[PDB]
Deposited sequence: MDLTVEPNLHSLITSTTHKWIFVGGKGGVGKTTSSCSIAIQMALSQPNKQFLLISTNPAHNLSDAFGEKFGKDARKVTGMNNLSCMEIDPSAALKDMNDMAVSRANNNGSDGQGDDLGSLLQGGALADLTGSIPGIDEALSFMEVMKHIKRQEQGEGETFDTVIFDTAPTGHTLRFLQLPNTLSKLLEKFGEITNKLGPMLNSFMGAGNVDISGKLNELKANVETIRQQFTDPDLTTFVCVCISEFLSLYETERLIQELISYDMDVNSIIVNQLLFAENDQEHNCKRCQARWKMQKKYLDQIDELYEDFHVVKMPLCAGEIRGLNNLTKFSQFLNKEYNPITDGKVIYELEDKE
C-alpha cells in the first residue's frame, strides 16, 4: 500500500538525514529543493537545512540567491536554509595561504568537508531538525555514504599504527548507525524514464541496499504524459511508458513518484514551490496538466 508520493516523508517527524541522488541530469537539484520546500511548508515548527554535496553547486542558481559555507535562510521562507560548501574558502577559514589552497584541490576534499558538515551537526544535536542533501551524481555520492563505515574501520587501526580521536571515534559510529536507521535516514532516488537511467538507478539502489541505506522512494522525472499529433513527443512518450511499466513492476514496494516535464523553467522559490506540490499529491495529467504552463518566467 505504497502511495505514489512522498507525503509520508514530507510529513515525517523522525527523519534527520534525507539523501537525494541519482544519475546526472535526472533532476536531483530540482527534486531536493522541492522536498526541502515541502517539508518546510508542511512542518513550520522545524528548521530545515539543504546542503549540496555536489562540487558544482546548483542551489544558488536554482533559487537565484548566493549561498556559501555559512547556512543562510532562503528568501521567502522562514524555516529553510541552504548551504553550498566551498572547499577553497572553508579551508582558508580553518587555517586562520597557498599551501592551504593546495590541500583544497586534492580529490575527495569535497566529500570530506561534507562529512565534516554532517559530523559537526551531530555534535550540535548532542540547529536544524532535518538535513536534506542535494548529492553529486551516483559515483561520488556512494563513496560519501561509505565514509562513515570507512572512517570507523580506518580509525581503530589508525589509533594503533600511530584521546581526541576516541571522541571522534564515537561520533563516526553515531553517524554510522543513524544512516542505517530507516526512521532516521533515507535515500530518495531520482531518475528519468530512459534506458541508460534504468540500469544505473537499479545499480545504485542495489548498492545502497548493500550499505543498509533505506531506499523506498523513486522519483521518475521529466515525463511527457503525451496521451496529440506530434511525432517526437509520441515516439518518446511511447518509449517512456514502456520503461515506466518496468519500473512499477520491479519496485512495487517503493514509493514511485511520477513528475511531468514542465514547459517552463523551474526557477525561484515560486516555481519550485508550484512544482513541489506534486511530490505531496500525485500529478494528474488530465487535471493538473495546466500547471506545466503556469510557471512564471
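Can you list the gaps, in order, where the deposited sequence has no modelled residues?
Missing from the model are residues 1 to 3, 100 to 123, 154 to 158, 195 to 213, 279 to 282, 353 to 354.
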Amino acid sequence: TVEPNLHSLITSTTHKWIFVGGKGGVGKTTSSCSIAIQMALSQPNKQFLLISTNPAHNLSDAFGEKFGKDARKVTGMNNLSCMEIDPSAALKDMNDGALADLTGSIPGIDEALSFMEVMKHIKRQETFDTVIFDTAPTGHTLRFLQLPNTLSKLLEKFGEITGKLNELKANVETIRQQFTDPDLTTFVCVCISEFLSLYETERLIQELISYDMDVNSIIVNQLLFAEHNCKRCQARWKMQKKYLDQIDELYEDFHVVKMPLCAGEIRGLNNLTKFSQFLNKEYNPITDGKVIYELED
From here on, numbers count along this sequence of modelled residues.
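114 to 122 versus 179 to 187 - greater average Cα B-factor per the deposited record:
Result of the comparison: 114 to 122.
Averaging only over Cα atoms, indicate whether 79 to 87 or 149 to 157 has the higher B-factor in the PDB entry.
Here the higher of the two C-alpha B-factor means belongs to 149 to 157.
Looking at the C-alpha B-factor values in the deposited entry, which of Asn95, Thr201, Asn221, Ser217 comes out highest?
Out of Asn95, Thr201, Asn221, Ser217, the record gives the largest C-alpha B-factor to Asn95.
Which listed residue, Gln206, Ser105, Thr130, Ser197, has the largest C-alpha temperature factor in the record?
Top of the list by C-alpha B-factor: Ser105.
Among the chain's modelled residues, which third holds the C-alpha B-factor of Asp134?
It falls in the bottom third of the chain.
Could you look up the Cα B-factor of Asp70 in the entry and say which third of the chain it sits in: lowest, middle or highest?
For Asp70, the deposited C-alpha B-factor lands in the middle third.
Looking at the entry's B-factor column for C-alpha atoms only, identify whether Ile292 ranks in the lowest, middle or highest third of its chain.
Middle third.
Using only modelled residues of the chain, where does the Cα B factor of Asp253 rank: lowest third, middle third or highest third?
Answer is middle: the recorded C-alpha B-factor places it there.
Should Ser210 be placed in the lowest, middle or highest third of its chain by the C-alpha B factor in the entry?
Its C-alpha B-factor belongs to the middle third of this chain's values.
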